[PDB]
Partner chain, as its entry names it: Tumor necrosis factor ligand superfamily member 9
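This document opens with one chain alone, in structure tokens, the form solved without the partner chain.
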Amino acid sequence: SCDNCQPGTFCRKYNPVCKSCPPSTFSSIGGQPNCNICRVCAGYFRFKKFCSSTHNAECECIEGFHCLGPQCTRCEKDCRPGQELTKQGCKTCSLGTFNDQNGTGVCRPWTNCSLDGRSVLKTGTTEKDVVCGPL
């Protein structure tokens, strides 16, 4: 009987009624005995999308932070030089690659100085490219 109810309602099998979900509460599937609690977005989080009767609120991260996980359940500090922002958060550049930008950019590979005739003056790290000699 309660299976005839649609999303944004709750319904108890002993007394079938498709009652609207109360405030700050939702249900994406209809006709369950209770509605789920709305997620509040505060502190490091802000609302991307407000809660409605049929779907949860979605959170976003404040300035200087980015979302971590599929439901943005954690914020992570924006990455430092020597790191790139992947879809799974900040990953340190692997051996042979670098990034010199703060809070942006991607891990590029080191300049091979011997593509020209040039020699290496300075070795490479995760934050600095190798420096080559004279052309």
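Numbering follows the first chain given and starts at 1. We call the rigid core whatever largest set of C-alpha positions still superposes within 1.5 Å between the two forms.
This next part talks about the form deposited with the partner chain bound, which is not shown.
Residues 24, 34 and 43 are all found to lie within 4.5 Å of the partner chain in the entry with it bound, as judged by heavy atom distances. A residue is said to contact a partner when one of its heavy atoms sits within 4.5 Å of a partner heavy atom; residue 77 meets this definition for the partner chain in the entry with it bound. Among heavy atoms of residue 95, none comes within 4.5 Å of the partner chain in the entry with it bound. With a 4.5 Å cutoff on heavy atoms, residue 108 does not count as touching the partner chain in the entry with it bound; it lies far away. Proximity of residue 83 to the partner chain in the entry with it bound: non-hydrogen atoms within 4.5 Å are absent; the residue sits far from the partner.
Along 83-97, not one residue places a heavy atom within 4.5 Å of the partner chain in the entry with it bound.
Positional change of residue 34 between this form and the one not shown stays under 2 Å at the C-alpha, relative to the superposed core.
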